[PDB]
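In what follows, every heavy atom counts, from backbone to side chain, and hydrogens, waters and symmetry copies are set aside. Here is the naming used below: chain letters follow the sequence lines, and residue numbers restart at 1 for every chain. Counting convention: from 1, in listed order, for ligands and their atoms alike.
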Amino acid sequence: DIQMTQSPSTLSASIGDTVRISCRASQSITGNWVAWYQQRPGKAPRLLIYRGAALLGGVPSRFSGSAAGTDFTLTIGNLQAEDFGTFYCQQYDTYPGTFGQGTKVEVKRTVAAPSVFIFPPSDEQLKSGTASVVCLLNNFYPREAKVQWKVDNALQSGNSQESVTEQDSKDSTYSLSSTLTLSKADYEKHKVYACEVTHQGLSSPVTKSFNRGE
Amino acid sequence: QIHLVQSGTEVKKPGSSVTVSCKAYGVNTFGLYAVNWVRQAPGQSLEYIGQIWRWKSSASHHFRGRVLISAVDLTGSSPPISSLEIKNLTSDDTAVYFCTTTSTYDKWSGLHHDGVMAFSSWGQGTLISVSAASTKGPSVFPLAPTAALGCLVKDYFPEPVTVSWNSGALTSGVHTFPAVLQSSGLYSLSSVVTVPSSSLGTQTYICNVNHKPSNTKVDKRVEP
Ligand SMILES: *[C@@H]1O[C@H](CO)[C@@H](O)[C@H](O)[C@H]1NC(C)=O
C-alpha cells in the first residue's frame with residue numbers, strides 16, 4: 001500500500017496567517033490522485049480539495065492544493081476561526097486508499113504557566129476502599145507538559161492516567177488532569193505524595209505535595 | 001442536498017457480530033453513487049474498510065472474510081440504504097465507523113480513479129464500542145479545597161455522564177475533562193472549578209452529575 005507521511009504533527013497559528021501542511025507519498029502519483037479533509041473535534045471529516053488542486057463546491061477559496069515530486073501540500077490563506085482543527089491527506093492512486101496521520105492546527109498565544117493544585121483522596125472514597133490522588137494544571141500554554149508522581153520519593157510508573165481539555169475558545173489555554181490510583185492499603189502505608197510539573201512557562205519544575213493526614 | 005444518516009451507537013461483547021446502517025437522503029440510486037466505509041479508532045487516523053460500487057462489493061485486505069457490505073435502492077418510506085456487517089468483534093474493532101458516498105456518474109470528474117476514490121459526503125459516524133462491561137452508575141467524590149475544587153466521577157459504564165455546577169448557575173472557570181478508560185474497563189472523569197479563595201466559606205458549591213444509562217442522578221456538596 002502507499003504510505004502517506006504527514007508534516008508537521010501540530011502547528012500553532014493566528015487568525016489571518018498563511019499556513020502550510022505537507023504530505024510525502026512513498027511512491028510517485030502521476031495522476032495527482034490526492035485529497036485533503038478537515039475534521040473538527042467531535043464531527044465527521046469534510047472533503048476540501050480533490051485531485052491535488054481542485055476545490056469542492058462550497059469550500060472557501062482561501063484553501064489551495066499544490067504538488068512537487070512526491071510531496072503534496074495544502075495551503076490556507078487568511079486563517080479563519082472555523083479553520084482550526086485537524087487536517088488529513090489521502091491518496092486514492094492505488095488500492096487501497098490511505099490517509100496521513102493528520103495535522104492539528106491550534107491557536108497561537110503567549111506563554112502561560114499552569115496554576116498547579118493537588119487533591120488527596122476524600123474520606124468518602126477511602127471509606128469505599130479506594131484512593132485516587134488528583135493533580136490539576138490549570139489554564140496553560142503551550143500544551144506540552146510533563147507531570148510525574150512521587151510517593152515516599154519513589155517515581156510512579158503505570159498507575160496513572162492523564163486527561164486534557166480542548167483548547168479554550170476564549171483564552172486559548174489548555175487544562176490538564178492527572179490521576180494517581182492505588183489501593184487503600186498502599187495509600188495508608190506511605191507519608192508524602194507529590195506532583196512534579198515541568199513546563200516552558202516555569203523557570204524550574206514545580207512540585208506540589210502533601211503529607212497524608214494533614 | 002445529501003445527508004447521510006447512520007444508525008445509533010452500539011455496545012457489543014467480544015465475539016459478537018454487529019450491522020451498522022446508513023440512510024442516504026439525497027441519493028438517487030446506488031447505481032450512480034459508490035459507498036465507501038471508513039473507520040477511526042479513538043485518537044487515531046482514518047482507515048479504509050471496503051466499498052460497494054456499481055452494485056459490486058469488496059473489502060480491504062485487513063478486513064476480508066470478516067465483513068459484508070450491502071446496498072439496496074428504496075423509495076417513499078425510506079431513502080436508499082447501505083449496511084456494514086462485522087463478524088467476531090474484538091477490542092481493536094472499537095471505533096467510529098463512517099459511511100461515505102461519492103458520485104460515479106461522471107467518468108471525467110476526478111473524484112475517482114478506477115474504483116479507488118475520494119469521499120465527497122460523510123455520515124455523522126456510529127460508535128461501536130466493544131466491551132464485556134455491564135452498565136453501572138458512578139460513585140461521586142468531592143475534590144475539596146484563587147482556589148480550586150471539584151468532583152471525581154468514578155467507575156461508570158457506558159458513556160456519557162454530564163456534569164453541571166449549582167444547577168447550571170456556575171459556568172465561568174469550570175473545566176470538565178474528557179473521560180478516561182481505566183484498566184478495569186470502566187470510565188472515570190473529573191470536573192473542576194477555580195474560584196476566589198475569599199468566598200470559600202460564604203458560597204456553596206455543588207456538582208450535579210447525571211448518568212442516564214443507569215438512571216443515576218447525584219448532587220454532591222463540595223465543602224472545605
Ligand atoms: C469467526 O470467524 C472465524 C473465521 O473468520 C470462524 O473460524 C469462527 O468460528 C468465528 N467465531 C465465532 C465466535 O463465530
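- A/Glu106 and A/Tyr174 form a side-chain donor-acceptor contact under 3.5 Å, judged by distance and modelled atom types alone.
- Partner of A/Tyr193 under the ring-ring contact (aromatic ring centres under 6.0 Å, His included) criterion, chosen from A/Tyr187, A/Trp149, A/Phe119: A/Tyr187.
- You'll find the side chain of A/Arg143 reaches within 4.5 Å of the side chain of A/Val164, heavy atoms only.
- Taking the six-membered ring where the residue is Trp, B/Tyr48 and B/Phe119 present parallel rings, their angle staying beneath 30° rather than reaching 60°.
- Contacts of ligand 1 (protein heavy-atom distance under 4.0 Å) are B/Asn88.
- A distance of 6.0 Å or more separates the ring centres of B/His113 and A/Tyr92.
- For A/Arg51 and A/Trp33, the positive end sits near the middle of the six-membered ring, less than 6.0 Å away and at most 45° from its axis.
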